[PDB]
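This document opens with one chain alone, in structure tokens, the form deposited in one PDB entry.
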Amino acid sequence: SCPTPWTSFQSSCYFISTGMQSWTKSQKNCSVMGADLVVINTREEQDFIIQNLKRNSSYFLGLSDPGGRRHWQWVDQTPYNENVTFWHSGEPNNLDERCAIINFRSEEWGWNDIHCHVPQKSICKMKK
């Protein structure tokens, strides 16, 4: 079964961080223990997780938008080909990265999207 302070559910092991770090640092921390920031596949998983969280805490999930390139589309559905474009220097603007957190509102538990560099606690998951 699951290692030392990890919590077991179905075929997975869950770790709850006490430290507040960026999403990237949170992912690295999970990674070093052989895990990932939590991927929530089902309602039942969501429910298990929230029972193991504290209402006075807020946590990164393993859900993000890496930003960068926008998904440019031609209006007639011609596929966008980045190698045949004529953007001025400095253009186009990159999409900002976004990161999901889970936390409690008086609505109860749910996800919110925030800037990835804001420090939050975090939740790791790996296979048992």
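Rigid core here is just the name for the largest C-alpha set that superposes within 1.5 Å across the two forms. Residue numbers run from 1 along the displayed sequence.
Not even a third of the other compared entries skip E108; each one keeps it along with the residues on either side. Going from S106 to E107, the model skips 1 to 3 deposited residues, which lack coordinates. Annotation for 43 to 51 versus 65 to 73: the higher mean temperature factor (C-alpha) is found in 65 to 73. Of the two stretches examined, 89 to 97 and 34 to 42, the record assigns the greater average C-alpha temperature factor to 89 to 97.
There is another form of the same protein, the form deposited in another entry; it is not shown, and what comes next is about it.
With the two forms fitted on their core, the C-alpha shifts between the shown form and the other one stay under 2 Å for all of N81, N41, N52, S31 except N81.
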